[PDB]
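Before any questions on binding or motion, here is one chain by itself as structure tokens, the form deposited in one PDB entry.
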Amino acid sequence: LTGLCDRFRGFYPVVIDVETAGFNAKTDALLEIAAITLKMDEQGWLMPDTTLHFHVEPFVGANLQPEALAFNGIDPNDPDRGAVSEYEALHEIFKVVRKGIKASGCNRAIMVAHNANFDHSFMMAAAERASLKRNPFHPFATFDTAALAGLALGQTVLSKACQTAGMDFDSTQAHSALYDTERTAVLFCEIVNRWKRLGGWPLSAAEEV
């Protein structure tokens, strides 16, 4: 009942955010990525588990839109950014994720993200460029927190959804993949946990007052 593997039909939810050099996942550089796995305690409450974060070197041949760099404030040419390759970052994320899937008894990872298709498309595109094998993420399914917040909170904008959920949100950190990932993780957890607390889950709960 209270196992993570039982909650989402065997899907292992992993929160992801990316910063990029444009809107096109095929052609534009991936610049930052963070990942936060989740776990469930003995009573079935969801919380963050492992957190990873990387500055990513633009792939060879990548386009970099000036408007994108102006938006997120990232300078990919700054040698002090401590960047790593797409391979290094994703290989590390996938290793932690496979470990969590195994240890929890899940069978596949699913990406949790805000307007998820965007992050999913960039992560998948980078995975293919790096030639990583046995990608543990579902190839098309996601848990979009904008839609989820729409239901739970009546809000679709990340900052606003967080504020409505009673969370802090610091706009000076809003262009950091890591920061956005942590806020998104806490938001997703607040949504799932309040669903449970109000007797929405497990399905049996409503008849046991």
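Numbering starts at 1 and runs along the sequence shown. Residues that one form lacks are left out of the comparison. So that the term is clear: the rigid core is the largest set of C-alpha atoms that superpose within 1.5 Å between two forms.
Heads up, the form deposited in another entry isn't pictured, but that's what we're talking about next.
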Check: In a fit on the core, which one among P139, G82, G73, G105 has a Cα that moves 2 Å or more between this form and the one not shown?
Finding: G73
Note to self: Core superposed first: is there a CA shift of 2 Å or greater at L64 between this form and the one not shown?
What the structure shows: yes
Note to self: I need the moving stretches between this form and the one not shown: superpose on the rigid core, then report runs of 3+ consecutive residues where each CA shifts by 2 Å or more, in sequence order.
What the structure shows: 64-75
